[PDB]
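If you read the sequences in order, they're chains C and I.
With positions in the first sequence counted from 1, the corresponding number in the authors' numbering is that position plus 49.
With positions in the second sequence counted from 1, the corresponding number in the authors' numbering is that position plus 1.
Take a look at the structure set out below.
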Amino acid sequence: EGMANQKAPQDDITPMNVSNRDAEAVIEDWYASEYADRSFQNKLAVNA
Amino acid sequence: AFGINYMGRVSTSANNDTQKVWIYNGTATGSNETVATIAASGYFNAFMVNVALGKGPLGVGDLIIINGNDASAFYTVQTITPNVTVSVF
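Put into structure tokens, the structure is as follows:
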């Protein structure tokens with residue numbers, strides 16, 4: 050956050066300092082897999 | 002033997018309701034004079050535009066960092082008319 054201050058006329062400006070920081074997100078990988086043998090195509094009433 | 006090329010401003014503020022700070026040379030690379038010579042009465046008279054009426058860059062109470070060829074010290078302007086006189090600080 051910034052901040053407002055006062056100063057004398059014709060005096061140099063004196064800023065109020067603004068802080069900074071950083072946030073780090075770590076990326077991960079996940080897998081969801083399955084197999085469907087072709088021999089089950091004709092033996093099931095559903096679509097595997 | 003005041004030299005305008007050896008005088009410089011220190012205080013960055015343009016607020017004329019407060020005092021200014023100056024720095025003066027005088028070492029071998031400047032005017033090459035002792036602190037006592039520079040601090041003598043009326044030495045900075047050539048800096049003022051019209052010392053009789055006290056018109057010029059210097060004002061009463063300004064701080065001058067005098068850098069002589071022997072030593073250095075802070076000085077404070079006491080009067081600007083009819084002569085510019087300084088005292089140690």
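Where a beta carbon is used, it is the ideal one built from N, C-alpha and C, also for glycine.
If I'm right that residue i touches residue j with Cβ under 8 Å, what's the distance once you round it to whole angstroms?
i	j	result
residue 104 of chain I	I/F45	The shown model of chain I, from 2 to 90, leaves out residue 104 of chain I, and the question about it has no answer.
C/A97	C/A85	4 Å
C/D60	I/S73	Rounded, the Cβ-Cβ distance is 28 Å, inconsistent with contact.
Given residue i, which residues of its chain have a CB within under 8 Å of its CB, disregarding the five upstream and five downstream residues?
i	result
I/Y7	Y25, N26, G27, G31 and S32
Along the chain, where does the alpha helix (DSSP H) containing residue i start, and where does it finish?
i	result
I/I39	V36 to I39
Within the continuous beta strand (DSSP E) that includes residue i, where are the two ends?
i	result
I/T77	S73 to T80
I/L64	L64 to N68
I/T86	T86 to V89
I/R10	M8 to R10
Suppose the cutoff is 7 Å on Cβ atoms and the five residues either side in sequence are ignored; what does the same chain contact list for residue i look like?
i	result
I/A2	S32 and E34
I/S88	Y76, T77 and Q79
I/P83	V52 and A53
I/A41	none
Only counting the same chain, and skipping five residues up and downstream in sequence, which positions put a Cβ closer than 6 Å to that of residue i?
i	result
C/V67	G51
I/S12	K21 and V22
In this structure, does DSSP put residue i in helix, strand or coil?
i	result
I/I24	strand
I/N46	helix
Spell out a yes or no on whether the region 12 to 26 of chain I and the region 68 to 85 of chain C are touching, meaning 3 or more CB-CB pairs, one atom from each, closer than 8 Å.
-> no
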